[PDB]
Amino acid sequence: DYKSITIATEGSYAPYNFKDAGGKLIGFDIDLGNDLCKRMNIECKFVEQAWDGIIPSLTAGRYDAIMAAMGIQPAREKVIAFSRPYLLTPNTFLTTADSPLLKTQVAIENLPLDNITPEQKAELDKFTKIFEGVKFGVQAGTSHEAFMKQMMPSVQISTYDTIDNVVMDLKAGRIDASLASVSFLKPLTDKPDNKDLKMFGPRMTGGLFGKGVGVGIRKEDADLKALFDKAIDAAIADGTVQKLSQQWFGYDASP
């Protein structure tokens, strides 16, 4: 059935998918994608696609799959299908190294959002109250924007086309804080370039954040999903995902 597939990626989300000095698409998603396709015995072709319109371009048949740090989110599951997750990561807050937000006590380090108890709601509510007067910046069309608008609506938020513009505005002092996964924030804050940026708050999973990072596939492409699932299961089992995770993120984020 399948001989060759076209995989779309954004190219603005390091270390998942970004551009090298020669403008070539590189990253965890590119390496994993190529490895998965070798296992599936199909030719792999990566294409650049802006995050805004990545989902409708898949459904319109511009390409066959999405590998762009995309979380398996319930709102996304309404429109497209996903492979089983190839990476699992919590989500946390970002600010500057001199921010008093860093002095905030974290009562729940690992906060699941699937069935929010009064205790867990009290923790979210504390941060919402601390975030009053704090300017947030997030990338548009993310689980982070959904979380902020639904869980912390009283918080002032600005949405950006790319995560690079968020980071730029945070370093420039135009925004006070952000929200993204640990898989994005840890390699960012590990860089000596960004020793003036720090992660803080609970490490949140589930709810609006979804079930992990997966390959976006059209709902009617059941055979392609089944092929990706087989390949992902094997890449996890043999330690390939762990290897690529350590190589790109500096830690093991494999399921």
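Start at 1 with the first residue shown and count on from there.
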Which has higher Cα B-factors on average according to the PDB entry: 35-43 or 194-202?
-> 35-43
Lowest, middle or highest third of the chain for the C-alpha temperature factor of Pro100?
-> highest
Pull the Cα B-factor of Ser158 out of the PDB entry and bin it into the chain's lowest, middle or highest third.
-> middle
Where the record places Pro118 (Cα B-factor, split into thirds across the chain) | highest
Among the chain's modelled residues, which third holds the C-alpha B-factor of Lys78?
-> lowest
Using the B-factors in the PDB entry, rank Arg174's C-alpha atom against the chain and give the third, lowest, middle or highest.
-> highest
